[PDB]
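Q: Experimental structure and sequence below, a few questions after.
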Amino acid sequence: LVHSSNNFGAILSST
Amino acid sequence: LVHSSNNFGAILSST
Amino acid sequence: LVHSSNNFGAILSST
Amino acid sequence: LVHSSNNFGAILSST
Amino acid sequence: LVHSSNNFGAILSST
Amino acid sequence: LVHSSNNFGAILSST
Amino acid sequence: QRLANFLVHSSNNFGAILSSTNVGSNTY
Amino acid sequence: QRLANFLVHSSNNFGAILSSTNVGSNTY
Amino acid sequence: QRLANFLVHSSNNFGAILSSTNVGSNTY
Amino acid sequence: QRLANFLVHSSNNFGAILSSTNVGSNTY
Amino acid sequence: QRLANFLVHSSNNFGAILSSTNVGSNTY
Amino acid sequence: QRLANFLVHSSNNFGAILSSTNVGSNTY
Amino acid sequence: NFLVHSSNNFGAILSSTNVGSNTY
Amino acid sequence: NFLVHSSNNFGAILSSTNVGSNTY
Amino acid sequence: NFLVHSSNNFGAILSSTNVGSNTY
Amino acid sequence: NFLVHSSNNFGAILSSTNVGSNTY
Amino acid sequence: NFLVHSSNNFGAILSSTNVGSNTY
Amino acid sequence: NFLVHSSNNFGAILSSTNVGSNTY
């Protein structure tokens, strides 16, 4: 589960 | 489950 | 579970 | 579980 | 479990 | 468990 | 969530880019 | 969450970029 | 969370970048 | 959390970068 | 947590960087 | 935690860096 | 095989070159 | 085979070149 | 095989080059 | 095989080069 | 095989080079 | 095999080079 709030940057998730 | 609120950036998810 | 609030930087998560 | 608040830097997590 | 508050630097965690 | 508050430096943790 | 009076400029690139530039080769 | 009067400039790149530049080779 | 009157400039790069620059080779 | 009147300049790089620069080789 | 009137300049690099620079080789 | 009126300049490097510089080889 | 290249310049030359200012 | 190339310039030349300003 | 290259310059030359200012 | 290269300069030359100012 | 290279300079030359100012 | 290289300079030359100022 990935939760993001007010993301102005770059988010990278690898599973 | 991916939840995004107010995303101004770049979000990358790989599963 | 990944939770991010007000992320202005770069977040990288590898599992 | 990864929790980030007000992240202006670069966060790298490898598991 | 990793908790970060007001991170302006670079945080690296390897497990 | 790693807890960081007001981190302006570089923190490296290896386990 | 309340947000107001904010200007956002976002640019995202996911594609390979190849650029070649030549300026010159003039005889005077 | 309340946010106001903020300007954001975000640039993100995930793609390989190759750039070649040549300036010169002029005869005077 | 209350945030106001803040300017943010964020640049993130995850891609390999190759740059070649040549300036010169002029005959006077 | 209350934050105000702050300017942030953040640059993050995770990609290999190769740069070549040549200046010169002029005949006068 | 209360924070105000602060300027932050953060630069982070995690990638290998190779730089080559040549200046000269001019005949006068 | 209360913090105010502070300027922070942080630089962090985790990547190998190779730099080559040549200046000279001019004939006068 | 006789080849001659002659270039003569007597005029002031001003050159300005800008390459860049790209956002990715 | 006789080839002659002659270029003569006596006029002031001003050149401005801009390449870039692209957003991706 | 006779080849002659001659370049003569008598004019003031001003050159400005900028390469960079790219944000990634 | 006779080759001659001659370059003559009599004009003041001003060159400015900037390479960099890139943010990653 | 006869080769001659001649370069003559009589003009003041000013060169400024900047390489760097990159943020990573 | 006869090769001649001649370079003659009579003009004042000023060269400034800066390489660095990079933040990592």
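A: That came through fine. Numbering: from 1, shown residues only, chains lettered A, B, ... in the order given.

Q: Could you find the residue in chain A that comes nearest to chain D?
A: Minimum separation of chain A from chain D (CB to the nearest CB) falls at residue A:9, amounting to 7.5 Å. Every residue, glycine included, has its C-beta placed from N, CA and C.

Q: What are the neighbouring residues in contact with that residue?
A: For residue A:9, the contact set (CB atoms under 8 Å, 6 or more residues apart in numbering or on different chains) comprises B:9, C:7-11, D:7, H:10, H:12, I:10, I:12, J:10.

Q: Mind checking which of these are in strands?
A: Secondary structure assignment by DSSP state E places C:10-11, H:10, H:12, I:10, I:12, J:10 of the contacts of residue A:9 in strands.

Q: Need the max-distance pair from the contacts of residue A:9.
A: D:7 and H:12 (14.9 Å; CB to CB).

Q: what's the span of stretch A:5-15, first residue to last?
A: Using CA to CA, to the nearest Å, the end-to-end distance of stretch A:5-15 comes out at 20 Å.

Q: buried ones in it?
A: Neighbour counts over stretch A:5-15 (16 or more other CB atoms under 10 Å in any protein chain shown) mark A:5-13 as buried.

Q: any idea which residue sits dead centre in chain A?
A: The centroid of chain A falls nearest to residue A:11 when counting by CA atoms, centre = their mean (4.1 Å).

Q: hey, what's that one bridged with?
A: residue B:11, residue C:11 (DSSP bridges).

Q: thinking it is in contact with residue C:7, fair?
A: Yes: between residue A:11 and residue C:7 there is a contact at 6.5 Å, judged by CB atoms under 8 Å.

Q: which residues are common contacts for the two?
A: Common contacts of residue A:11 and residue C:7 (CB under 8 Å, 6+ apart): A:4, B:9.

Q: list the contacts for residue A:6?
A: B:5-6, C:5-7, H:1, H:3.

Q: Now do it against chain L, distance only.
A: When distance is defined by CB to the nearest CB, to the nearest Å, residue A:6 is 21 Å away from chain L.

Q: What of residue A:2?
A: Using CB to the nearest CB, we find residue A:2 at a distance of 25 Å from chain L.

Q: Residue A:12 contacts residue C:11, correct?
A: Yes: if you go by CB under 8 Å, residue A:12 and residue C:11 touch, sitting 7.4 Å apart.

Q: Quick check on the residue of chain A closest to chain D: phi, psi?
A: When read as degrees, to the nearest 10, the backbone of residue A:9 gives phi -90, psi -160.

Q: that older thread, now for the residue nearest to the centre of chain A: which residues touch it?
A: A:4, B:9-12, C:4, C:7, C:10-11.

Q: re the thing from before, return the closest of the ones in strands among the contacts of residue A:9 with respect to chain E.
A: Among the ones in strands among the contacts of residue A:9, residue J:10 lies closest to chain E (CB to the nearest CB), at 8.2 Å.

Q: got the end-to-end distance for stretch A:6-15?
A: 23 Å.

Q: Tell me how far that stretch lies from the chain's centre.
A: Distance of stretch A:6-15 from its chain centroid, counting by CA atoms, centre = their mean, to the nearest Å, is 3 Å.

Q: can you check stretch A:2-15 too?
A: Distance, centroid of stretch A:2-15 to centroid of chain: 1 Å (CA atoms, centre = their mean).

Q: Around chain H, pick out the residues from chain A.
A: Residues of chain A lying close to chain H by CB under 8 Å from any CB of the partner chain are A:5-6, A:8-10.

Q: can we see that at 10 Å?
A: Residues of chain A lying close to chain H (CB under 10 Å from any CB of the partner chain) are A:5-12.

Q: Which neighbours do residue A:12 and residue C:11 have in common?
A: D:12, I:12 (CB atoms under 10 Å, 6 or more residues apart in numbering or on different chains).

Q: how close does residue A:3 get to chain G?
A: According to CB to the nearest CB, residue A:3 and chain G sit 14 Å apart.

Q: what does chain A put close to chain B?
A: A:1-15.

Q: contacting residues around residue A:10?
A: Counting by CB under 10 Å, 6+ apart, residue A:10 touches B:9-12, C:7, C:9-12, D:10, G:12, H:10-14, I:10-14, J:12, J:14.

Q: Ignore what I typed, I meant residue A:8.
A: B:6-9, C:6-9, D:8, G:8, G:10, H:6, H:8-10, I:8, I:10.

Q: next one: residue A:3
A: B:1-5, C:1-5, D:3.

Q: That's all I had, so thanks and see you.
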